[PDB]
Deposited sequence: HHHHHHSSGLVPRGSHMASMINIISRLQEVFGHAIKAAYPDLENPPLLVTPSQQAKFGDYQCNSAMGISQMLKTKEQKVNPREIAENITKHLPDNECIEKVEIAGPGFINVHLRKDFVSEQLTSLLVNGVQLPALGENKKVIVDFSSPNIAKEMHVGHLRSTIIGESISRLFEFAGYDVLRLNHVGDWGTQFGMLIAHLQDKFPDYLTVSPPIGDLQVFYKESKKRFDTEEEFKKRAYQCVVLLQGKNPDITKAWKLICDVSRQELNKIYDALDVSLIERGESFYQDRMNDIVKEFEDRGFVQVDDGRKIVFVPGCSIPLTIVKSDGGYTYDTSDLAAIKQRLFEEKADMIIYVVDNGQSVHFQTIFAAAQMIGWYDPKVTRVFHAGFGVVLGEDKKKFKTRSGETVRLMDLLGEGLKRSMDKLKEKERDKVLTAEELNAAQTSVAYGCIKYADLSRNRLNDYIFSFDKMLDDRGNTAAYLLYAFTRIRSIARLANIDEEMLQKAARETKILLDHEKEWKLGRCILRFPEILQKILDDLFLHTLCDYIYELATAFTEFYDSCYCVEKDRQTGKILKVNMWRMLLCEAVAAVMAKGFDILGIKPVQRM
């Protein structure tokens, strides 16, 4: 059946009701918001607010309370509204049908937590992680990965078709010295696949030679020209270096549970040729100091698309990239998950793209999802540079250390030696990030994100186990619960079970908002809000003598399951893999 965006529903029935009360008005505000207080109803409509101000005139100000009246007067029949109240000025407070909420709570237990999805299959392309080959994958790359994996999942769950592209820096000029060095240190690479160790100790070996030996430097620069010329021997040496890089990288994408089509800058070697010609032939190119540059009317900087020496650039690659994503992949939306240091870069690229006619931003969504830098607690850059695998190993350890109080004796081997340990570590590292606005800088603290209390993954993961233990400890297997759900009316007479009930149905309205601003932290803020609504429900209501059985209220067994299902999905979107026991 799939869940209902209640906010979008109330917006439909108010726009019907507003068109009736003021049909001569054009595009009136349909600001419907959840009431975050018991008395004011379950949703609020602040629409007589902006409607009064549209009718405002030099010497006449229509009082909003009289509008709200004229609005409620024409409210159609529905399936979700009990009564309507007017407070203050023209606030319209809305009360939901208990029946409606109950029926909806049920529907997601039998049909399950799934979204309605679309009437057209749009194609979202998400550009994330993107480390630079031969250089360490750094924490800023980590954010992108985490944020990108989660964004990809939100659209995947929303019914979109999603292309996860790892746009890796595998076409740098630094390959020159690596390849030239590889040919020195391992003169049989063509035949004996060379044992290159740590790619960082190798790179170091090169930049020394580069900065030291002048005849080596020239060789290095020549290798780049030869590589771009697609030379057989030189290219093989390149493939082999990216190979050693690729398998160290997968160790990380594996641990963080991340799927990615690798499609580096090198993928566009030929399109770049055509792009340069395509900008030339439309007269957008200007020659400055031997560079072919492009000025975009409005932008603070120019794109360099050919250097003085014939070599392409980041701008060249990202121009080729957006043309093919728009034309061959035929995307309806493109998302770039890249550190905010490069904000200007994408606004100029996107501009350049409109300028040459590649897309109509009214029609195709192109979006830079930016993020702040990673800091230590001393509120400056995060360094020691930190290897990502080290960070995670140091996460796994710490996660384990916590668990030794004293759960190594309760949970069995699997439930703990992985399940709880890993699900907590990786879960915290993702959650600490996503729970904070992606734009603000991020303070990476093992101590803060591993805290057993507060707004951490740790608390919410533990919290999850308790919701699951309830119907477990009272011995009600899945088979029973599914039959209960199919036959039980769900009861919401008690205040705190009404809070929890409508909090639950807010899941769609939450995710929709995130499809528009890509602010995932409002989902974490929702998992915490849901999680807290539950405790307040549990601490007063009974689900389950002073001898054994305190009777089972089967409908509250289902409430617990509703809460569980929705947290389960919310976790999945965020990239958290919850355990049951811990």
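request  = Enumerate the deposited-sequence segments absent from the coordinates, judged by C-alpha atoms, in order of position.
outcome  = 1-17, 402-405, 566-567, 571-572 are the stretches of the deposited chain that have no C-alpha coordinates in the structure.
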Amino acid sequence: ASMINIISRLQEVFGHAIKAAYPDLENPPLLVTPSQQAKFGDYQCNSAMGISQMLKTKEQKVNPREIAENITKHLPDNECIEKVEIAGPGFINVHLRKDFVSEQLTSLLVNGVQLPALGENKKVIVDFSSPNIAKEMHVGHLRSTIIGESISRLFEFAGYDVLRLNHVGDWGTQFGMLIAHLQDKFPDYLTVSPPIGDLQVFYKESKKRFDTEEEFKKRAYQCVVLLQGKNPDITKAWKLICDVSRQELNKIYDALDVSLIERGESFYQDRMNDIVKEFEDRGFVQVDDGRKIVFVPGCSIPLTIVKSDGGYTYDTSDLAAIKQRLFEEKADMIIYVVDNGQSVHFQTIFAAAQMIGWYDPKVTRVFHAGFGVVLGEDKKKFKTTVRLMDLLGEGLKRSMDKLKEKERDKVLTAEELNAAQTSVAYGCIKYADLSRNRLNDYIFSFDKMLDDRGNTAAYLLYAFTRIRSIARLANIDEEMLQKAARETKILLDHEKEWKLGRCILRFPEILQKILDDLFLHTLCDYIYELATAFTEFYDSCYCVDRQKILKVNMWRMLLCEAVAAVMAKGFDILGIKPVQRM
From here on, numbers count along this sequence of modelled residues.
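key: 461-469 versus 328-336 - which carries the larger mean C-alpha B factor in the record   = The stretch with the larger average C-alpha B-factor is 461-469.
inquiry  = Using only C-alpha atoms and the B-factors in the entry, which stretch averages higher, 527-535 or 548-556?
reply    = Mean C-alpha B-factor is greater for 548-556.
ask   = According to the deposited entry, which of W358, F210, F350, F284 has the largest Cα B-factor?
value = It is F210.
query = Out of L10, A562, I573, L25, which residue has the highest Cα temperature factor in the PDB record?
reply = When the deposited C-alpha B-factors of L10, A562, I573, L25 are compared, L25 is largest.
key: Among modelled residues of the same chain, the CA temperature factor third for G148   = Bottom third by C-alpha B-factor.
query = What third of its chain, lowest, middle or highest, does the C-alpha temperature factor of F216 fall into?
reply = Highest third, going by the recorded CA B-factors of the chain.
ask   = Can you tell me which third, lowest, middle or highest, the CA B-factor of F175 falls into for its chain?
value = Middle third.
message = Among the modelled residues of this chain, does the Cα B factor of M54 put it in the lowest, middle or highest third?
response = CA B-factor rank for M54: highest third.
task = Grab the CA temperature factor for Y203 from the record and place it in the lowest, middle or highest third of its chain.
result = Highest third of the chain for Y203's C-alpha B-factor.
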